[PDB]
């Protein structure tokens, strides 16, 4: 299903360029039914396409569908939903942020803000 995701990413990019991402509703809806993998995000770069749709769409349903995928897909490279105790919350030295920076580009922050 590699090209399937590529087709969705390219369908989204066309809307992104024209600032008319309302049509992405259908695309993101289908992506919820697709078994995305870390490998798919690397080759199809759809994480970034969906990330772009969220900010290029005035239609909140589209942003809501898209924001859903970003979370579900992020766990693929992260090892999320199967994380151990680590050495801090969900681990320590989580280099997966670099993969995320390439695959999604969903900004950067230090994190690890905890209280005592």
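Numbering (this note's numbering), first residue to last: 1 to 116. Quick reminder that beta carbons are idealized off the backbone N, C-alpha and C, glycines included.
Look up residue 51 in the DSSP assignment and say whether it is helix, strand or coil.
helix
Just curious, the alpha helix (DSSP H) that residue 20 is in, first and last residue?
Premise fails: residue 20 is in no alpha helix (DSSP H) and is neither H nor E.
Between the C-alpha atoms of residue 82 and residue 71, what's the straight-line distance to the nearest angstrom?
14 Å
Residue 46 and residue 1 closer than 8 Å at C-beta
no
Using DSSP with H/G/I as helix, E/B as strand and the rest coil, what is residue 104?
coil
Measuring CA to CA, which of 40, 17, 50 and 29 is closest to residue 76?
40
Neighbourhood of residue 67 by C-beta distance below 8 Å, restricted to the same chain and skipping five residues each side:
54
For residue 57, is the classification buried or exposed, using 16 other Cβ atoms within 10 angstroms of its Cβ as the cut-off for buried?
Residue burial annotation: residue 57 is buried, with at least 16 other C-beta atoms found within 10 angstroms of its C-beta.
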